[PDB]
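Dumped final-v7.txt below, it's compact mmCIF, N, CA and C atoms:
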```
# COMPACT_ATOMS: atom_id res chain seq x y z
N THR A 1 -5.00 64.99 28.74
CA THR A 1 -4.11 65.90 29.42
C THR A 1 -4.86 66.67 30.49
N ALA A 2 -4.16 67.00 31.57
CA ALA A 2 -4.72 67.73 32.69
C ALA A 2 -3.76 68.83 33.12
N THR A 3 -3.35 69.66 32.17
CA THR A 3 -2.40 70.73 32.42
C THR A 3 -2.98 71.79 33.36
N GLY A 4 -2.08 72.62 33.89
CA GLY A 4 -2.43 73.59 34.91
C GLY A 4 -2.50 75.00 34.33
N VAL A 5 -3.64 75.65 34.57
CA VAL A 5 -3.91 76.99 34.07
C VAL A 5 -4.24 77.89 35.26
N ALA A 6 -4.31 79.19 35.00
CA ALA A 6 -4.61 80.17 36.02
C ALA A 6 -6.11 80.17 36.34
N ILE A 7 -6.52 81.02 37.28
CA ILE A 7 -7.94 81.12 37.59
C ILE A 7 -8.66 81.88 36.49
N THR A 8 -8.10 83.00 36.04
CA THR A 8 -8.59 83.70 34.86
C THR A 8 -7.99 83.09 33.60
N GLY A 9 -8.28 81.80 33.41
CA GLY A 9 -7.60 80.99 32.43
C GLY A 9 -8.19 81.10 31.05
N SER A 10 -7.93 80.08 30.24
CA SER A 10 -8.39 80.12 28.86
C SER A 10 -8.93 78.78 28.36
N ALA A 11 -9.22 77.83 29.28
CA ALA A 11 -9.80 76.51 29.00
C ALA A 11 -9.00 75.73 27.97
N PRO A 12 -7.90 75.07 28.37
CA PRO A 12 -6.87 74.63 27.42
C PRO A 12 -7.28 73.56 26.41
N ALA A 13 -6.32 73.15 25.58
CA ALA A 13 -6.58 72.39 24.36
C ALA A 13 -7.18 71.01 24.65
N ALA A 14 -7.83 70.45 23.63
CA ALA A 14 -8.64 69.26 23.80
C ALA A 14 -7.77 68.01 23.93
N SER A 15 -8.36 66.98 24.53
CA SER A 15 -7.67 65.71 24.74
C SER A 15 -8.71 64.63 24.96
N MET A 16 -8.39 63.42 24.51
CA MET A 16 -9.31 62.30 24.59
C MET A 16 -8.50 61.02 24.47
N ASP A 17 -8.90 59.98 25.20
CA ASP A 17 -8.16 58.72 25.16
C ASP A 17 -8.45 57.95 23.88
N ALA A 18 -7.41 57.30 23.36
CA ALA A 18 -7.50 56.54 22.13
C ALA A 18 -7.52 55.05 22.44
N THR A 19 -8.28 54.31 21.63
CA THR A 19 -8.31 52.85 21.68
C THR A 19 -7.83 52.31 20.35
N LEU A 20 -7.18 51.15 20.38
CA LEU A 20 -6.47 50.60 19.24
C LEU A 20 -6.94 49.18 18.96
N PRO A 21 -6.75 48.67 17.74
CA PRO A 21 -7.14 47.29 17.44
C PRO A 21 -6.04 46.27 17.75
N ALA A 22 -6.28 44.98 17.46
CA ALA A 22 -5.21 44.00 17.60
C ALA A 22 -5.05 43.04 16.43
N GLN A 23 -6.15 42.55 15.87
CA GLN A 23 -6.29 41.91 14.56
C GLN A 23 -5.70 40.51 14.35
N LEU A 24 -4.79 40.03 15.21
CA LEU A 24 -4.48 38.65 15.64
C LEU A 24 -4.94 37.52 14.71
N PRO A 25 -4.31 37.32 13.55
CA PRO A 25 -4.86 36.43 12.52
C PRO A 25 -4.85 34.95 12.87
N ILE A 26 -5.77 34.19 12.24
CA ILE A 26 -5.96 32.77 12.54
C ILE A 26 -5.87 31.86 11.32
N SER A 27 -6.20 32.36 10.12
CA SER A 27 -6.57 31.45 9.03
C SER A 27 -5.63 31.57 7.83
N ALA A 28 -4.48 30.91 7.91
CA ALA A 28 -3.78 30.48 6.71
C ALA A 28 -3.09 29.13 6.82
N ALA A 29 -2.93 28.57 8.01
CA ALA A 29 -2.04 27.43 8.19
C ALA A 29 -2.72 26.34 8.99
N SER A 30 -2.02 25.22 9.12
CA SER A 30 -2.50 24.01 9.77
C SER A 30 -1.33 23.05 9.95
N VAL A 31 -1.38 22.25 11.02
CA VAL A 31 -0.44 21.16 11.23
C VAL A 31 -1.10 19.86 10.78
N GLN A 32 -0.33 18.97 10.14
CA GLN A 32 -0.90 17.76 9.56
C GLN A 32 0.07 16.59 9.65
N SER A 33 -0.43 15.39 9.34
CA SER A 33 0.33 14.15 9.34
C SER A 33 -0.36 13.15 8.42
N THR A 34 0.41 12.23 7.83
CA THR A 34 -0.13 11.19 6.96
C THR A 34 0.31 9.80 7.43
N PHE A 35 -0.29 8.76 6.83
CA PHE A 35 -0.02 7.38 7.21
C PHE A 35 0.64 6.59 6.09
N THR A 36 -0.02 6.49 4.93
CA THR A 36 0.35 5.66 3.77
C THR A 36 0.57 4.20 4.16
N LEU A 37 -0.49 3.57 4.65
CA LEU A 37 -0.44 2.15 4.98
C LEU A 37 -1.14 1.34 3.91
N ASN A 38 -0.65 0.12 3.70
CA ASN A 38 -1.18 -0.75 2.65
C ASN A 38 -2.48 -1.40 3.10
N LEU A 39 -3.00 -2.26 2.24
CA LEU A 39 -4.20 -3.02 2.52
C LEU A 39 -3.88 -4.49 2.77
N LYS A 40 -2.64 -4.91 2.49
CA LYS A 40 -2.15 -6.24 2.82
C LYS A 40 -1.38 -6.26 4.13
N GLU A 41 -0.79 -5.13 4.53
CA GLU A 41 -0.13 -5.05 5.83
C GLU A 41 -1.13 -5.17 6.97
N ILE A 42 -2.28 -4.49 6.85
CA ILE A 42 -3.30 -4.55 7.89
C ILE A 42 -4.03 -5.88 7.91
N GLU A 43 -3.81 -6.72 6.91
CA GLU A 43 -4.40 -8.05 6.88
C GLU A 43 -3.49 -9.09 7.52
N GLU A 44 -2.19 -9.02 7.26
CA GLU A 44 -1.25 -9.98 7.81
C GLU A 44 -0.75 -9.58 9.19
N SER A 45 -1.20 -8.46 9.73
CA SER A 45 -0.85 -8.06 11.09
C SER A 45 -1.99 -8.32 12.06
N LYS A 46 -2.75 -9.39 11.86
CA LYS A 46 -3.74 -9.80 12.84
C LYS A 46 -3.72 -11.29 13.12
N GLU A 47 -2.95 -12.07 12.35
CA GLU A 47 -2.59 -13.42 12.76
C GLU A 47 -1.12 -13.52 13.14
N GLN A 48 -0.39 -12.41 13.11
CA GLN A 48 1.06 -12.52 13.17
C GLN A 48 1.65 -11.45 14.11
N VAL A 49 0.83 -10.91 15.01
CA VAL A 49 1.30 -10.07 16.11
C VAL A 49 0.34 -10.29 17.27
N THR A 50 0.88 -10.24 18.49
CA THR A 50 0.13 -10.65 19.67
C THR A 50 -0.37 -9.50 20.53
N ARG B 1 -6.16 -44.28 -13.28
CA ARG B 1 -5.82 -42.90 -13.03
C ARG B 1 -6.01 -42.10 -14.31
N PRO B 2 -6.86 -41.08 -14.33
CA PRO B 2 -7.20 -40.41 -15.59
C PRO B 2 -6.07 -39.53 -16.10
N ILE B 3 -6.11 -39.26 -17.40
CA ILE B 3 -5.10 -38.44 -18.07
C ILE B 3 -5.80 -37.16 -18.50
N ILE B 4 -5.74 -36.14 -17.66
CA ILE B 4 -6.28 -34.83 -17.98
C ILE B 4 -5.28 -34.11 -18.87
N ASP B 5 -5.77 -33.36 -19.85
CA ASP B 5 -4.88 -32.61 -20.73
C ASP B 5 -5.22 -31.13 -20.69
N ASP B 6 -4.21 -30.30 -20.48
CA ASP B 6 -4.38 -28.85 -20.51
C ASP B 6 -3.67 -28.30 -21.73
N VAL B 7 -4.28 -27.29 -22.35
CA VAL B 7 -3.66 -26.62 -23.49
C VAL B 7 -2.47 -25.80 -23.02
N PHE B 8 -2.54 -25.25 -21.81
CA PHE B 8 -1.55 -24.33 -21.28
C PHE B 8 -0.42 -25.03 -20.53
N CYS B 9 -0.20 -26.32 -20.78
CA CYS B 9 0.78 -27.08 -20.03
C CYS B 9 2.12 -27.06 -20.74
N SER B 10 3.18 -26.84 -19.97
CA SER B 10 4.55 -26.75 -20.48
C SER B 10 5.49 -26.87 -19.29
N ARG B 11 6.79 -26.70 -19.54
CA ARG B 11 7.77 -26.52 -18.49
C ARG B 11 8.97 -25.78 -19.06
N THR B 12 9.54 -24.89 -18.27
CA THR B 12 10.73 -24.18 -18.69
C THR B 12 11.95 -25.04 -18.41
N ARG B 13 12.77 -25.25 -19.44
CA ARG B 13 14.00 -26.00 -19.27
C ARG B 13 14.99 -25.22 -18.43
N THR B 14 15.70 -25.92 -17.55
CA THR B 14 16.61 -25.27 -16.63
C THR B 14 17.88 -24.83 -17.36
N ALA B 15 18.70 -24.05 -16.64
CA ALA B 15 19.96 -23.57 -17.20
C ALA B 15 20.99 -24.68 -17.34
N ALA B 16 20.86 -25.76 -16.57
CA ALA B 16 21.71 -26.92 -16.77
C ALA B 16 21.36 -27.65 -18.06
N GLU B 17 20.11 -27.54 -18.49
CA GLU B 17 19.67 -28.09 -19.77
C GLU B 17 19.72 -26.99 -20.84
N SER B 18 20.94 -26.56 -21.14
CA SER B 18 21.15 -25.48 -22.09
C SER B 18 21.58 -25.97 -23.47
N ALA B 19 22.31 -27.08 -23.54
CA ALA B 19 22.66 -27.67 -24.83
C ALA B 19 21.45 -28.31 -25.50
N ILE B 20 20.40 -28.61 -24.73
CA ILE B 20 19.15 -29.12 -25.28
C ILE B 20 18.25 -28.00 -25.77
N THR B 21 18.58 -26.75 -25.44
CA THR B 21 17.78 -25.60 -25.83
C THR B 21 18.25 -25.03 -27.16
N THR B 22 19.57 -24.98 -27.38
CA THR B 22 20.09 -24.49 -28.65
C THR B 22 19.79 -25.44 -29.80
N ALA B 23 19.72 -26.74 -29.52
CA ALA B 23 19.41 -27.71 -30.56
C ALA B 23 17.95 -27.69 -30.96
N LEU B 24 17.06 -27.22 -30.08
CA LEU B 24 15.65 -27.11 -30.38
C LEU B 24 15.19 -25.69 -30.63
N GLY B 25 16.03 -24.70 -30.35
CA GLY B 25 15.66 -23.31 -30.53
C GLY B 25 14.94 -22.67 -29.37
N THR B 26 13.95 -23.36 -28.82
CA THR B 26 13.09 -22.82 -27.78
C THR B 26 13.30 -23.56 -26.47
N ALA B 27 12.54 -23.14 -25.45
CA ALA B 27 12.59 -23.74 -24.13
C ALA B 27 11.20 -23.99 -23.56
N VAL B 28 10.22 -24.28 -24.42
CA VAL B 28 8.83 -24.35 -23.97
C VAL B 28 8.49 -25.77 -23.52
N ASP B 29 9.00 -26.77 -24.25
CA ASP B 29 8.98 -28.19 -23.89
C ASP B 29 7.57 -28.75 -23.66
N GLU B 30 6.79 -28.89 -24.73
CA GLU B 30 5.41 -29.32 -24.64
C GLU B 30 5.25 -30.83 -24.43
N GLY B 31 6.35 -31.57 -24.36
CA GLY B 31 6.30 -33.00 -24.13
C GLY B 31 6.44 -33.44 -22.69
N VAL B 32 5.42 -33.25 -21.86
CA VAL B 32 5.49 -33.51 -20.42
C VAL B 32 4.41 -34.51 -20.03
N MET B 33 4.55 -35.09 -18.83
CA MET B 33 3.53 -36.02 -18.37
C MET B 33 2.95 -35.69 -16.99
N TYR B 34 3.78 -35.29 -16.03
CA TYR B 34 3.36 -34.78 -14.71
C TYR B 34 2.48 -35.77 -13.94
N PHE B 35 3.10 -36.87 -13.52
CA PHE B 35 2.41 -37.82 -12.65
C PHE B 35 2.23 -37.27 -11.25
N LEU B 36 1.13 -36.56 -11.01
CA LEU B 36 0.90 -35.87 -9.75
C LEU B 36 0.03 -36.71 -8.81
N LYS B 37 -0.05 -36.25 -7.56
CA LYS B 37 -0.97 -36.80 -6.59
C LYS B 37 -2.02 -35.73 -6.29
N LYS B 38 -3.27 -36.17 -6.10
CA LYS B 38 -4.40 -35.25 -6.08
C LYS B 38 -4.40 -34.37 -4.84
N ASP B 39 -4.50 -34.97 -3.66
CA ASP B 39 -4.72 -34.20 -2.43
C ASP B 39 -3.42 -33.76 -1.79
N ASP B 40 -2.53 -33.18 -2.59
CA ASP B 40 -1.23 -32.77 -2.11
C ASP B 40 -0.82 -31.39 -2.59
N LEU B 41 -1.48 -30.85 -3.61
CA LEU B 41 -1.24 -29.51 -4.10
C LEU B 41 -2.34 -28.61 -3.57
N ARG B 42 -1.96 -27.42 -3.10
CA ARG B 42 -2.92 -26.50 -2.52
C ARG B 42 -2.78 -25.13 -3.17
N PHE B 43 -3.82 -24.32 -3.02
CA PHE B 43 -3.84 -22.98 -3.58
C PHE B 43 -4.21 -21.99 -2.48
N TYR B 44 -3.65 -20.78 -2.55
CA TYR B 44 -3.86 -19.78 -1.52
C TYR B 44 -4.11 -18.41 -2.13
N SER B 45 -4.84 -17.58 -1.39
CA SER B 45 -5.10 -16.19 -1.74
C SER B 45 -5.58 -15.47 -0.49
N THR B 46 -5.17 -14.20 -0.33
CA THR B 46 -5.41 -13.53 0.95
C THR B 46 -6.86 -13.06 1.04
N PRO B 47 -7.46 -13.14 2.23
CA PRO B 47 -8.88 -12.81 2.39
C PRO B 47 -9.17 -11.34 2.66
N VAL B 48 -8.31 -10.42 2.18
CA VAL B 48 -8.32 -8.98 2.46
C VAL B 48 -9.70 -8.34 2.42
N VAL B 49 -9.92 -7.34 3.28
CA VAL B 49 -11.27 -6.93 3.67
C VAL B 49 -11.99 -6.26 2.51
N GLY B 50 -13.21 -6.72 2.24
CA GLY B 50 -14.01 -6.25 1.13
C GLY B 50 -14.01 -7.15 -0.08
```

Can you give me the file's structure in the form of structure tokens?
Amino acid sequence: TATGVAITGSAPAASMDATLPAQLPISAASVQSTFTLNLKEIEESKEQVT
Amino acid sequence: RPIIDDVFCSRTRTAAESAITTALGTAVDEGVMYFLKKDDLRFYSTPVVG
């Protein structure tokens, strides 16, 4: 604050700027995907697809 | 032409041969001969990795 006082003033009340946190979390989740492919499908798909 | 004998040799009687099954009880039919030709039957199995 920068309030206005007289010349024979009284040096007014205290003031100071405040800083704050943000805390922005990262660690509980994840995106994922699965395949579930066989071991015979990957064998018969190399003489039978071009 | 040699006569090879297997212990595990049989044949399942078909559904058209059903009056021959009730008279004998079973359908295992251990009386077979199987006049086969040698280089005409083949066996297969997949070469899956590992």

Review point. At what distance in Å, to one decimal, does atom CA of residue 45 of chain B lie from atom C of residue 33 of chain B?
Key: 26.0 Å

Review point. Can you tell me, as a count of residues only, what residues are no more than 10 Å from residue 1 of chain A when counting only C-alpha atoms, ignoring any on the same chain fewer than 6 positions away?
Key: 6

Review point. Any idea what the distance is between atom N of residue 13 of chain B and atom C of residue 36 of chain B?
Key: 20.2 Å

Exercise for review: Compute the distance from (-1.1, -27.7, -18.1) to each atom, counting only C-alpha atoms, keep the residues with any atom at most 10 Å away, and return them as a PyMOL selection string; use the coordinates of the file.
Suggested key: chain B and resi 4-11+30+32-34

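Going from atom CA of residue 27 of chain B over to atom N of residue 14 of chain B, you cover 7.6 Å.
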
Practice item. With a distance threshold of 8 Å and counting only N, CA and C atoms, extract the residues of chain B near chain A and express them as JSON, numbers by chain. Key: {"B": [47, 48, 49]}

With 6 Å on each side, where is the centre of the axis-aligned box around all listed atoms of segment 16-26 of chain A, and how long are its edges in Å to one decimal, as JSON?
```
{"center_x": -6.8, "center_y": 47.6, "center_z": 18.3, "size_x": 17.0, "size_y": 43.6, "size_z": 25.9}
```

Check your understanding: In segment 3-50 of chain B, what's helix (DSSP H, G or I) per DSSP? Answer as JSON, numbers by chain?
Key -> {"B": [19, 20, 21, 22, 38, 39, 40]}

Would you fill out segment 24-44 of chain B with N, CA, C and O atoms and return it as a CSV table (one decimal), keeping the file's coordinate frame?
```csv
chain,number,residue,atom,x,y,z
B,24,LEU,N,17.1,-27.2,-30.1
B,24,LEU,CA,15.6,-27.1,-30.4
B,24,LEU,C,15.2,-25.7,-30.6
B,24,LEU,O,14.1,-25.5,-31.1
B,25,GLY,N,16.0,-24.7,-30.4
B,25,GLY,CA,15.7,-23.3,-30.5
B,25,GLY,C,14.9,-22.7,-29.4
B,25,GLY,O,15.3,-21.6,-29.0
B,26,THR,N,14.0,-23.4,-28.8
B,26,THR,CA,13.1,-22.8,-27.8
B,26,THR,C,13.3,-23.6,-26.5
B,26,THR,O,14.1,-24.5,-26.4
B,27,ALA,N,12.5,-23.1,-25.4
B,27,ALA,CA,12.6,-23.7,-24.1
B,27,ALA,C,11.2,-24.0,-23.6
B,27,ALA,O,11.0,-23.9,-22.3
B,28,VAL,N,10.2,-24.3,-24.4
B,28,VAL,CA,8.8,-24.4,-24.0
B,28,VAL,C,8.5,-25.8,-23.5
B,28,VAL,O,7.8,-26.0,-22.5
B,29,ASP,N,9.0,-26.8,-24.2
B,29,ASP,CA,9.0,-28.2,-23.9
B,29,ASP,C,7.6,-28.8,-23.7
B,29,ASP,O,7.2,-29.0,-22.5
B,30,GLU,N,6.8,-28.9,-24.7
B,30,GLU,CA,5.4,-29.3,-24.6
B,30,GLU,C,5.2,-30.8,-24.4
B,30,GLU,O,4.1,-31.3,-24.4
B,31,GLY,N,6.4,-31.6,-24.4
B,31,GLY,CA,6.3,-33.0,-24.1
B,31,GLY,C,6.4,-33.4,-22.7
B,31,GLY,O,7.5,-34.0,-22.3
B,32,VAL,N,5.4,-33.2,-21.9
B,32,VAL,CA,5.5,-33.5,-20.4
B,32,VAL,C,4.4,-34.5,-20.0
B,32,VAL,O,3.5,-34.8,-20.8
B,33,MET,N,4.6,-35.1,-18.8
B,33,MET,CA,3.5,-36.0,-18.4
B,33,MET,C,3.0,-35.7,-17.0
B,33,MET,O,1.7,-35.8,-16.8
B,34,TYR,N,3.8,-35.3,-16.0
B,34,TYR,CA,3.4,-34.8,-14.7
B,34,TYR,C,2.5,-35.8,-13.9
B,34,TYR,O,1.3,-35.6,-13.7
B,35,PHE,N,3.1,-36.9,-13.5
B,35,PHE,CA,2.4,-37.8,-12.6
B,35,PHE,C,2.2,-37.3,-11.2
B,35,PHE,O,3.1,-37.5,-10.4
B,36,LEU,N,1.1,-36.6,-11.0
B,36,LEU,CA,0.9,-35.9,-9.8
B,36,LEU,C,0.0,-36.7,-8.8
B,36,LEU,O,-0.5,-37.7,-9.2
B,37,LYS,N,0.0,-36.2,-7.6
B,37,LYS,CA,-1.0,-36.8,-6.6
B,37,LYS,C,-2.0,-35.7,-6.3
B,37,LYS,O,-1.7,-34.5,-6.2
B,38,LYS,N,-3.3,-36.2,-6.1
B,38,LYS,CA,-4.4,-35.2,-6.1
B,38,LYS,C,-4.4,-34.4,-4.8
B,38,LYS,O,-4.3,-33.1,-4.9
B,39,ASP,N,-4.5,-35.0,-3.7
B,39,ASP,CA,-4.7,-34.2,-2.4
B,39,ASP,C,-3.4,-33.8,-1.8
B,39,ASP,O,-3.2,-33.9,-0.6
B,40,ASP,N,-2.5,-33.2,-2.6
B,40,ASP,CA,-1.2,-32.8,-2.1
B,40,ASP,C,-0.8,-31.4,-2.6
B,40,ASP,O,0.1,-30.8,-2.0
B,41,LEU,N,-1.5,-30.8,-3.6
B,41,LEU,CA,-1.2,-29.5,-4.1
B,41,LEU,C,-2.3,-28.6,-3.6
B,41,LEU,O,-3.5,-29.0,-3.6
B,42,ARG,N,-2.0,-27.4,-3.1
B,42,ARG,CA,-2.9,-26.5,-2.5
B,42,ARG,C,-2.8,-25.1,-3.2
B,42,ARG,O,-1.8,-24.8,-3.8
B,43,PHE,N,-3.8,-24.3,-3.0
B,43,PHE,CA,-3.8,-23.0,-3.6
B,43,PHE,C,-4.2,-22.0,-2.5
B,43,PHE,O,-5.0,-22.3,-1.6
B,44,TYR,N,-3.6,-20.8,-2.6
B,44,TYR,CA,-3.9,-19.8,-1.5
B,44,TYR,C,-4.1,-18.4,-2.1
B,44,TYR,O,-3.6,-18.1,-3.2
```
